[PDB]
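This report refers to the structure that appears directly beneath it.
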Amino acid sequence: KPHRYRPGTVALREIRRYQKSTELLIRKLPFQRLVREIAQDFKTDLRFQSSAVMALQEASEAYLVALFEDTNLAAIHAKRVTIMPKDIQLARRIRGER
Amino acid sequence: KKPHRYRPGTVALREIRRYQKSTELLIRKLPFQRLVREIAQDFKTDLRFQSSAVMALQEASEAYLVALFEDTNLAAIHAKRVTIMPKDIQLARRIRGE
Amino acid sequence: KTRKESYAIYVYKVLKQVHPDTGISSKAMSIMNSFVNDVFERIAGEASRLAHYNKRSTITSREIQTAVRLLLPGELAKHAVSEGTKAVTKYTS
Amino acid sequence: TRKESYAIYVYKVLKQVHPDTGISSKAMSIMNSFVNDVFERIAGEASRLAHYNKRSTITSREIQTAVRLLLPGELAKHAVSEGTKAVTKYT
Amino acid sequence: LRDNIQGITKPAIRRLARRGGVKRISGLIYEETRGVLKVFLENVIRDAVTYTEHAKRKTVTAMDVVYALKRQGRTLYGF
Amino acid sequence: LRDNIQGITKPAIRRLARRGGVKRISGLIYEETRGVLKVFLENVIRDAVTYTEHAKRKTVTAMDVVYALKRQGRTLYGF
Amino acid sequence: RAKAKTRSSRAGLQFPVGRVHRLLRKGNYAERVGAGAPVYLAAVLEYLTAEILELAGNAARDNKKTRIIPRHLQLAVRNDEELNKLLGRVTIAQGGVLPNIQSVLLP
Amino acid sequence: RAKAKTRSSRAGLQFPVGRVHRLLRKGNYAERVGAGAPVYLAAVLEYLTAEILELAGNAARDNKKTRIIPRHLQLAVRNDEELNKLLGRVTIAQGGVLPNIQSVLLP
DNA sequence: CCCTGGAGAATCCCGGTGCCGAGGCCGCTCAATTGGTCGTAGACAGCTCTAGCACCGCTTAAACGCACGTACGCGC
């Protein structure tokens, strides 16, 4: 029989692992090409340095991690453990973003 | 004979409408002014405040608390509730960064 | 007495040029003066920062143009650029 | 060309408290960015403070006022005491 | 001056929540709101104290209150 | 360059929430997370575009992104 | 010398160009201030003032009022989504907030 | 021309007083800059640098590391309460967040 | 238990007072305006050379998808 970890045990293990390790969670090129297509709407002949994409990626993830922390706290506030899109919308509204 | 006996909530909604379109300062002047003096007396004694200085503090504190209450109220419907809680404020301040 | 710098009258001429039938109270006048003053430091502070980042000593028309693009968002900016551009061309001519 | 940085000065500060620990280049860049970012906040607040009272100069009191305005809690008082001790030793 | 934190009365906190569109207000909200207002006032007035002390003035003006609110991203128009 | 919003894959969004302490992730979270990431990127990169345009440069530097994030109160250390 | 025509009329503007230039010089921003910078600054401030006042006048006409009151200015700022994001961190005295009610809060 | 002794040594400091004074002059902050203003600024910067490095070294010792890495700096800033509020609006690269889990998320 | 008629009370439209803050006028004076004059930041032209852009092997950890069930969102 398989070990069959209960739902939450591996999720907690990823929580412990990623909160002490500073490896970059989103991949470089899939995030890099997203910058190019976003900046293409503003400038067609535009270039980005390797550190320029690097600076954008860590800032975006730390904003997303901080948003996920506020999204998670809203779930326990709403008697839940699963994050919801309406929890995200509440997080942006309280922070004044949207 | 029978009293009118308005149910809870309806007059509160009426008070919401009568005060959202209103302009006058909800907090009384002297109780807020006396609170300013005792707070300032812990930082510096023999300190005075101008009448417009207390007026400027009063509107800013009301608008900050009203905006906090809107985030407090919007968290209640997010938590499937209509009554705000002390923990609802604590979630709002944490998400706002306070 | 002492002349205190304010935009009390200049907001009034703007109001009549877009709405010649309404007035404005002094409390709303001070808010508009505060609004004009607060935006003034934000653009000038952004323009001062923009010149400092490029190691440039003067603030030109492009400095304000970049400052209002950074601060004013979206369609509100593009009219401000359009109104700003038409002001410089009229001033130079 | 020559690039202005705070790499060496932080290193001497590091050995003055823990001579047994080093620093990395990525940590140095964050430390250089931290000191630079705080520099503009205090100088910017001091520039605003001088502008408010029509003051054409920035003194030690200008920096002192920006410290208690920015740094919260006991951190400001320790920074004020450290600056006061440095001012007395300098003057 | 003591026990002035009760100057912000329960209907006053109730009226403030009515401006924010709050349906119902719990009994423990008023104590928490008073503490939040006390913390917020303890930051703005202290910042205004340093602004007033920097000007060699003994009375806090409304202009220093504006600067105290502006530096924390809560700028107030109309003074 | 099209359909690059899907480059932020589902495990990549999953790893972000695990760093944030999220235990359970809904299936509609990834689409919402992509939207708020697109909105956040459409502000910072556009701000860096104006910084790069004003600097008489055709390549966006990390230094321009530093001021772009700083002006929105999101200053980044380490560039 | 010649006639002392103002720079606001030369640029077709109402806001004072010279006042903006003087505050830019005395505000400790840069060593020098360009010629077109106060003209650009005056146009941006004038358009922002005109857009707010026009929306405030529309709000004043909504509640059949002739005189602009600070409630009208607050209503004008928050209703416009461009002004709302620009003045998101801005407190307006004697303005209140938007009179809206949540959908589930209605009777 | 007497002996050239730096103002940092006169004030018992390691941060450069003259460099701080120079950036204040060309930073377009004020028309004049006092003598004690760079002394006070460098002393505050020295104390903030020393306090952050002190907590970073303590965090490095907790992780059995004798070199300061950006994770240690992030842990040092967020653990200390006044540093957390001061740098609340500050993003730190290669630092992550604190390894904390909510009570109800525990098994 | 749900649909509909009548009446209690807070709110909305309207006539009269007036008053006190807002609109308009007079100086006039100090800050905006005119002309000249240089030090000098800045736009422009040529060199370059160091880093980004585009394509290629590859391999391998990262990612899409399907089967299953039990913690959990949601209805009452």
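Residue numbering: from 1, along the chain as shown.
Any Cβ shown, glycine's included, is placed from N, Cα and C.
Listed features, source Swiss-Prot:
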MOD_RES   F:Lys10  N6-propionyllysine
MOD_RES   F:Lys10  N6-acetyllysine
CROSSLNK  F:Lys10  UFM1 cross-link
MOD_RES   F:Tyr30  phosphotyrosine
MOD_RES   F:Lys56  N6-lactoyllysine
MOD_RES   F:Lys56  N6-glutaryllysine
MOD_RES   F:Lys56  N6-succinyllysine
MOD_RES   F:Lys56  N6-butyryllysine
MOD_RES   F:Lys56  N6-(2-hydroxyisobutyryl)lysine
MOD_RES   F:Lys58  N6-propionyllysine
MOD_RES   F:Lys58  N6-(2-hydroxyisobutyryl)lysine
MOD_RES   F:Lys70  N6-succinyllysine
MOD_RES   F:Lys70  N6-propionyllysine
CROSSLNK  F:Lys70  ubiquitin cross-link
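Locations of recorded Swiss-Prot features on the structure.
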{"residue": "F:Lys10", "record": "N6-propionyllysine", "Cβ within 10 Å": "13"}
{"residue": "F:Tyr30", "record": "phosphotyrosine", "Cβ within 10 Å": "20"}
{"residue": "F:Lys56", "record": "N6-lactoyllysine", "Cβ within 10 Å": "8"}
{"residue": "F:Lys58", "record": "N6-propionyllysine", "Cβ within 10 Å": "11"}
{"residue": "F:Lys70", "record": "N6-succinyllysine", "Cβ within 10 Å": "18"}
Going by DSSP, give the three-state secondary structure for F:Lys56 (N6-lactoyllysine).
coil
Within 10 Å of F:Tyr30 (phosphotyrosine) by C-alpha distance: pick out those among the modified residues F:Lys10, F:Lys56, F:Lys58, F:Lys70, and say none if nothing qualifies.
F:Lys10
Nearest-integer angstrom distance between the alpha carbons (Cα) of F:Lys56 (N6-lactoyllysine) and F:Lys70 (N6-succinyllysine):
21
Could you tell me the C-alpha distance between F:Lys58 (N6-propionyllysine) and F:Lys70 (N6-succinyllysine) in angstrom, no decimals?
21
Cα distance (Å, whole number) from F:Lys10 (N6-propionyllysine) to F:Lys70 (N6-succinyllysine):
29
Could you check the modified residues F:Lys10, F:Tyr30, F:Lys58, F:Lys70 and tell me which sit with their Cβ under 8 Å of a chain H Cβ?
none
